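What follows is calculated from the coordinates using simple rules that are stated; it is not laboratory data.
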């Protein structure tokens, strides 16, 4: 049993040693870099869902989530709120082409 616990702890540490960042200065469609396909050049593009599933997994499996991840997730939710809909404008701009 002690061995098994050690295995769990080692895998958990190896996985836990990771960080993220969601800040962005290109919040807008960077149109002028591609042709008729606006690029919303943003760090929260996959980071929101990755952090949500990560925090969900850790919580559901009773693992302490570091404060860095918790803060970034509290930001990620507020972001997702509007990111679910920015796709409307980007799709409209790309399809009108």
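Highest GNM mean-square fluctuation among 72, 12, 40, for the chain modelled with Cα contacts below 10 Å: 12.
A viscosity of 0.692 mPa s and a temperature of 37 °C, combined with the Kirkwood radius over Cα pairs in Stokes-Einstein, give a translational diffusion coefficient for the range 15-57 of 271 µm²/s.
What is the extension gain from residue 85 to residue 50, computed as 0.36 nm multiplied by their sequence separation minus the C-alpha to C-alpha distance, in nm to one decimal? Present the calculation step by step, with values, prior to reporting the outcome.
Numbers: separation 35, 0.36 × 35 = 12.60 nm, distance 1.85 nm.
Taking residue 85 through residue 50 to full extension adds about 10.8 nm, to one decimal.
The angle between the Cα long axis of helix 44-60 and the longest principal axis of the Cα atoms of the chain comes to about 30 degrees, rounded to the nearest 10. For the chain, the Cα-based Rg and Dmax, in that order, read 18.2, 62 Å.
Relative contact order of the chain: 26 percent, from C-alpha pairs under 8 Å at least 6 residues apart in sequence.
How much length is gained if the chain between residue 24 and residue 70 is pulled fully straight, taking 0.36 nm per residue apart and subtracting their Cα-Cα distance, in nm to one decimal? Don't skip to the answer; put the middle values down first.
Values: separation 46, 0.36 × 46 = 16.56 nm, distance 1.89 nm.
Result: 14.7 nm gained on full extension.
Only helices enter this figure: runs of n ≥ 4 DSSP H residues, each worth -39500 (n - 2.57), summed and divided by the residues of the chain, yield -21500 deg cm²/dmol at 222 nm to the nearest 500. What angle do you read, to the nearest 10 degrees and between 0 and 90, between the alpha-carbon axis of helix 67-95 and the longest principal axis of the chain? Around 30 degrees separate the two axes.
Relative to the longest principal axis of the Cα atoms of the chain, the long axis of helix 2-16 makes an angle of roughly 20 degrees. Length gained on full extension, residue 78 to residue 59, computed as 0.36 nm times the residue gap minus the Cα-Cα distance: 4.9 nm.
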